[PDB]
Structure formats: structure tokens, C-alpha cells
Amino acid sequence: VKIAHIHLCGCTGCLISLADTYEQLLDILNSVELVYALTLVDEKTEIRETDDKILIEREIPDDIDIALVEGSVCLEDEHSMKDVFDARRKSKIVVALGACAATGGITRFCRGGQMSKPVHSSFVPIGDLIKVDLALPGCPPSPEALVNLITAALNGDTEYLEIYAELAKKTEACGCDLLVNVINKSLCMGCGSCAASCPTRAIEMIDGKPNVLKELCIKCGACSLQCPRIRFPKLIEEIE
């Protein structure tokens, strides 16, 4: 199949996370066709020459099978708005890779005014404009989580991806998800797995319950996905 890495208003960290499959990145790239990735390949090069100028563009190719879209969309930049609608148009499966594309992530705190584009102030997850098929939270999702999504997508493992396909319809995340959906609902038993999942260490187990340091939370969603009293598909009970 054909996969492509669209980089919107992200930091390439999610791509580096995939790169931190280390030497197994060759097994991944050898199992698919990397058809577009500005960071890695010179695609899709199209030379347009007028009598005034030569324009050499690298554009998103058509007939993409899996689009790993990373970063959020800047509403005030037209190239960002254009690339996100192109990714959906040309790709069959759109994967909101990383908290930025899935729920906004750090870019939720953007309020603009900085040089040299002081009107750049409105950043949204890709789900607020296009239909998302799969969403990977965290900042960044682990290399192991990525490999599983890729392996499950190639192998048509619909069951495994159901939790991520359900996340695609969620465009907002916070550490408060644990309060609103677990602690306040008499479901938290105090394992602490959420506190271990957080990349900024914003969760702190106090008296068998999570305390969220809200000023350190970057709205990544890794804790909400982790907590086993929110989602617990039968698939997880499978061991030998």
C-alpha cells in the first residue's frame, strides 16, 4: 500500500517517534511504499516553466492509501488549510498522528501575535475540518503504539483499531478527562497507570487518586486512552 506523511503545524516529533523503531524502520518502509514525505523523499516533484519563472513544486500525490497527518491546522494560513483538505481528498485512510492532529495538543494554547506572522492565532485538530479515520493520542505516541497501528492497518485488524477509530470522533482532550469520566463517576480504583502514561508528568497519585497539575497538561490524551475504566475491549484479555 501507499503511505504518506503530511506535516501540518507540528514539530516532526511524531515522525521521529516512528523513526525510533530504529532498524525496524526498514522493515516498515519495506512493507509499504513511502509515496510522500517532505522530510524523507523528493515527492511529488512537478516542474512548471513559464517564460518568466521555473516553479519546482513537491506536491501531495493522488491515490494515497494511509495518510499519517501530523500537526494541527492554522486557520489563518492558506497553505495549511489547503494541505489538510488535499490530504483527505487524495488519501483513503487519514490517521490523525499525534495529539496536535488528533485533539490540538500544545497548539491549543496558541493565541498569535508573534513575528513574522502575527495573525497566526487559530489552530485546530484536523478533525474539526476533515473526517478522521484513526487517531493516535500522546505527544508523541510511542514507537510501539505506532507499529501496532501500522501492523493492524496492513492486516485489516479492525478490532484492535476500534479504540483508535472511536478516538477519531473526539477532537478535545485534557487531563480533566480522568476527572469528568472516571473519578467523578465512581470508576477510579487507583492503579496509577494514567500517571505513568503522561509525557509531562502532570499527573500525581495522591491518596489513591489522580491529581492533575493543570498548568503542566498539554492536552495530549495519553492518560484518557490508558485508563482501563474508560475503554477496555475484550481484545485486551488475550494472553498466552
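Numbering starts at 1 and runs along the sequence shown.
Remark: stretch with higher mean C-alpha B factor among 96 to 104 and 154 to 162 is 154 to 162. Note on 207 to 215 vs 25 to 33: mean CA B-factor is higher in 25 to 33. Set against one another, the Cα B-factors of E46, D177, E70, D51 in the record reach their highest point at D51.
Per-chain ranking of the deposited C-alpha B factor places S122 in the middle third. In the deposited entry, the Cα temperature factor of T12 sits in the bottom third of values across the chain's modelled residues. In this PDB entry, the Cα temperature factor of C74 sits in the bottom third of its chain's modelled residues, the lowest group.
In the deposited entry, the Cα temperature factor of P141 places it in the middle third of its chain's modelled residues. Annotation for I56: C-alpha temperature factor in the middle third relative to the rest of the modelled chain, per the entry.
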